[PDB]
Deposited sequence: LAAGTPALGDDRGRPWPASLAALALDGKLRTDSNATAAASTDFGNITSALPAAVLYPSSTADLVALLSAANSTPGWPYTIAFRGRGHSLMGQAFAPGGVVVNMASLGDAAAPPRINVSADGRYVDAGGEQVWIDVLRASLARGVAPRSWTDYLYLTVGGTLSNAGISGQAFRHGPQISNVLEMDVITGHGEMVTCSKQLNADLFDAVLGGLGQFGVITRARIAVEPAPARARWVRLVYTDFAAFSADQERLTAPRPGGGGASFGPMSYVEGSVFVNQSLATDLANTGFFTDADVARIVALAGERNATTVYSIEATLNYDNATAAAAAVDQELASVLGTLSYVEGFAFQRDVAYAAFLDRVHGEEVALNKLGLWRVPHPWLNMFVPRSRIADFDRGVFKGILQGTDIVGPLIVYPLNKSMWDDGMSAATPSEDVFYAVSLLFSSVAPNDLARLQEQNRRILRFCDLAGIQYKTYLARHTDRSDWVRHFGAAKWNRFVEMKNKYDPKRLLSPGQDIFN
């Protein structure tokens, strides 16, 4: 009942809001499928405000408010909600122009970024110093603390590992309200727990991100296949350890035949002439699906850079088996490539097709069963439907993941990131997509495929235990008991709430 002085001070300064405008904005997310109103929203102006909130919660017998840390709210199923609790509007930590919330190291070996900062700003600040993070996410308008609480993957993860494998240290305020700086050498238990920890142990206020000298441009290429075996074999060849090959980025896409021409055109990569040739190829092979590897080779402004890239690319391509003559090239500034999805957002939003339900299906599928997944899903379940949204598929190397961290991955040395990014655009098409997702998961369970979901929150304890693995689960729980004893943090994950 009584309020600690530092907590009341937050309300007095207008940082704790309970108005419908504040609570409503913090009640929905990108998923646009689930929603939950919090009792209040906190707009912290410094990390001290966060210490005050968490300290109050930890020292107040009977504290009944769960606490969530909202970054950009790109969660899909309410992971950033605090039902009847307090949602922290993390962005507020960056309202002040000084002191800066992003500082590139004096020696240019790393960049310190506030947990609330979005990667697009981290990128700009880094480039201003001639450097840039090594591992990214496909979309840059996500927060550092947000992607780090999951894993943070993209086409560079095969060689640099996810974003959680590229963090030197962090400042974290635990459920106890204590500010702790952690790394592999200090408070490593908290360090490993928080990375991929789904916001269960504390709030990341600062993350030290590893960087590399910034490349100036990216030779961007797409290779087309009608044969999945060749497609996957080539992705594995390009991402296999040698130390890794030349490619800086490697992803893949699945195009179902029904809407082939339209989807290829909507990639913003192919010309109408390219599209016509690919459509013709599909008909010739009588394919129900077309596959495309997407890769890049980063290079700088050196006078001989462009020519070197042409030779390097020619060599790499010579080792592949895409359909003869179906290699397509583009050349753009590094930043433009990295922020490519923002353009897709702008276009979709104008059409009112961005802010719609997103029943996205994301999972890691062991290499040994990816061909079965292709048969049962791409060539099976998905056939006959009108797909809206990209179907992304690409291999990852387990060697670049730290299994000591909270993030869960399949046991195999190589596993695929499979992201079926369905957009519910048609009238009331959501129910159909949700059922289709359950069917896909059912197919995998019955086939005995040992996949791991990503960005999904389970609603049954047995599912979370299987997710992390029993032994790893006990470790997760031990860290929960040590850092969030009252089980108040990020209740939307539905692990301890």
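Handout entry: Unmodelled intervals of the deposited chain, in order
Key = Counting from residue 1, the stretches without coordinates are 1-13, 256-261.
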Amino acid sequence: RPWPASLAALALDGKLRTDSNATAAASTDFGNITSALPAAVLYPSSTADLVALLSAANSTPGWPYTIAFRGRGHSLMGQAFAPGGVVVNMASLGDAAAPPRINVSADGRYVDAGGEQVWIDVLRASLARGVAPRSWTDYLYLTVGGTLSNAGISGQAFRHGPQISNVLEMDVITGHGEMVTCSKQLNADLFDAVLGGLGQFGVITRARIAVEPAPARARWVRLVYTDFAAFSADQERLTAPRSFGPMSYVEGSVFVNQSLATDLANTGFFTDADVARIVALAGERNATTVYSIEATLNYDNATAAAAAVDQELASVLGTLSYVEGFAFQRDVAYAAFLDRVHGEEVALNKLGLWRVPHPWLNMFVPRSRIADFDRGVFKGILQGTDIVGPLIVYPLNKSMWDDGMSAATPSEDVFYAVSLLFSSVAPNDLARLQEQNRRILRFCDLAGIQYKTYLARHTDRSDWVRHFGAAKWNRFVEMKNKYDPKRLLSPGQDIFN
From here on, numbers count along this sequence of modelled residues.
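Problem - 60-68 set against 444-452, stretch whose average Cα temperature factor tops the other in the entry - result: The recorded data point to 60-68.
Exercise for the section: Going by the average Cα B-factor in the PDB entry, point out whether 344-352 or 159-167 comes out higher. Expected result: Looking at the record's C-alpha B-factors, the answer is 344-352.
Exercise for the section: Name the one of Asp413, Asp339, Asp374, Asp310 with the greatest CA B-factor according to the PDB entry. Expected result: Largest recorded C-alpha B-factor: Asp310.
Problem - Identity of residue with top Cα B-factor, from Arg134, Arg101, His358, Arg277 - result: Most elevated C-alpha B-factor of the set, per the entry: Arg101.
Problem - Among modelled residues of the same chain, the CA temperature factor third for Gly31 - result: CA B-factor rank for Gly31: lowest third.
Handout entry: Among modelled residues of the same chain, the CA temperature factor third for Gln258
Key = For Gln258, whose C-alpha B-factor we compare with every modelled residue in the chain, the answer is the highest third.
Exercise for the section: Would you check the entry's CA temperature factor for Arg461 and let me know if it's in the chain's lowest, middle or highest third? Expected result: It falls in the top third of the chain.
Problem - CA B-factor placement of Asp386, once the chain's modelled residues are sorted into thirds - result: Its C-alpha B-factor belongs to the highest third of this chain's values.
Practice task
Can you work out whether the C-alpha temperature factor of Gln329 puts it in the lowest, middle or highest third of the chain?
Solution key: Top third by C-alpha B-factor.
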